[PDB]
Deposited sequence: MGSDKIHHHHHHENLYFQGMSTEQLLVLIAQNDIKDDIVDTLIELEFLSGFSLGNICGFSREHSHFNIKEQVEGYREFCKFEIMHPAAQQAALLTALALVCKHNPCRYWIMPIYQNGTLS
């Protein structure tokens, strides 16, 4: 397995920019992605922003505590998945 892992975060559309701002400032991040998804929960549903953030496992706390700040008032579901391998094809 890998020291890299993927953080997936289901964020409300309003804290979207605040999240982007946080991430761009984190030096241990080489980049991230974001897409629109439809989300259900308890039921009621709606539209969110889905962020995917590859990061070193060693910086997991740093990453989650940083994001936990932007969500002070807007809870965000998240999950972390293992990555076997990552890189760049060329």
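- Absence of C-alpha coordinates is noted for several segments of the deposited sequence, namely 1-19, 62-72.
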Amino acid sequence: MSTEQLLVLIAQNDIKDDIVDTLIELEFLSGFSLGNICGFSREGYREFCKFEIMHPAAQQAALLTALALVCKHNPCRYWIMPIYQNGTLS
From here on, numbers count along this sequence of modelled residues.
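- Higher mean CA temperature factor between 60-68 and 47-55: 47-55, per the PDB entry.
- According to the PDB record, 1-9 carries the higher mean C-alpha B-factor of the two stretches 1-9 and 81-89.
- Among the modelled residues of its chain, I24 has a C-alpha B-factor that falls in the highest third, as given in the PDB entry.
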